[PDB]
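In structure tokens, one chain follows: the form deposited in one PDB entry.
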């Protein structure tokens, strides 16, 4: 079968996502959203690293990796059954013409 990530209710979920940063160590940012990656964006935004982002410090969505170095892996804390589904991790470096799209499948039981 196909690639899966799992967590039990209450646990943290760890969904991997990487890209190659082309310096000067500036935020070439991520769109993390609920749903398979659509054509242009990243679905229902869960964490978007720009100026439109709101209430980061209170949400359950974390970039606890070395993201300036390209580790934009998501950690969702204290997961529920509702958190099951597909996540889109999209890297728009503008920058480069071809976006980096990743669908990550999370299963919660």
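Positions refer to the first chain, counted from 1. Superpose the two forms; the largest set of C-alphas matching within 1.5 Å is the rigid core. Only residues modelled in both forms are compared.
K.L.:
Mind pulling up the entry and telling me whether 86-94 or 12-20 has the higher mean Cα temperature factor?
P.N.:
If you average the C-alpha B-factors of 86-94 and of 12-20, the larger mean comes out for 86-94.
K.L.:
Per the record, averaged over C-alpha atoms, which has the higher B-factor: 24-32 or 58-66?
P.N.:
Averaged over C-alpha atoms, the B-factors run higher in 24-32.
K.L.:
Which third, lowest, middle or highest, does the C-alpha temperature factor of residue 44 belong to within its own chain?
P.N.:
For residue 44, whose C-alpha B-factor we compare with every modelled residue in the chain, the answer is the highest third.
Just so you know, the form deposited with a small molecule bound exists too; it's not on screen, but the next bit is about it.
K.L.:
Does the small molecule, in the bound PDB entry, lie within 4.5 angstroms of each residue among 47, 54 and 59, using heavy atoms as the measure?
P.N.:
Every residue of the spot touches the small molecule in the bound PDB entry.
K.L.:
For residue 28, is any heavy atom within 4.5 Å of the small molecule in the bound PDB entry, or not?
P.N.:
Contact check for residue 28: no, nothing within 4.5 Å of the small molecule in the bound PDB entry.
K.L.:
Although the small molecule is absent from this view, report whether residue 37 comes within 4.5 Å of it in the bound PDB entry, heavy atoms only.
P.N.:
Answer no; every heavy atom of residue 37 is more than 4.5 Å from the small molecule in the bound PDB entry.
K.L.:
After superposing on the rigid core, which residue out of 77, 66, 53, 41 has its C-alpha displaced by 2 Å or more between the shown form and the other one?
P.N.:
The displaced C-alpha is that of 53.
K.L.:
Any CA movement of 2 Å or more for residue 9 between the shown form and the other one, core superposed?
P.N.:
It does not reach a 2 Å shift.
K.L.:
Checking residue 86 here: with the core superposed, does its CA move 2 Å or more between the shown form and the other one?
P.N.:
No, its C-alpha moves less than 2 Å.
K.L.:
Take the rigid core as the frame of reference and indicate whether the C-alpha of residue 25 shifts by 2 Å or more between the shown form and the other one.
P.N.:
Residue 25 C-alpha, core-superposed: shift of less than 2 Å.
K.L.:
With a shift of at least 3 angstroms, figure out whether the C-alpha spacing between residue 51 and residue 92 grows or shrinks in the bound PDB entry: closer or farther?
P.N.:
Closer, not farther.
K.L.:
Work out the direction of the Cα-Cα change for residue 58 and residue 47 in the bound PDB entry: closer or farther than in this form? It's 3 angstroms or more.
P.N.:
Result: closer.
K.L.:
Give the residue ranges, in sequence order, where three or more consecutive C-alphas each shift by 2 Å or more between the shown form and the other one after rigid core alignment.
P.N.:
Runs moving 2 Å or more: 50-58, 95-97.
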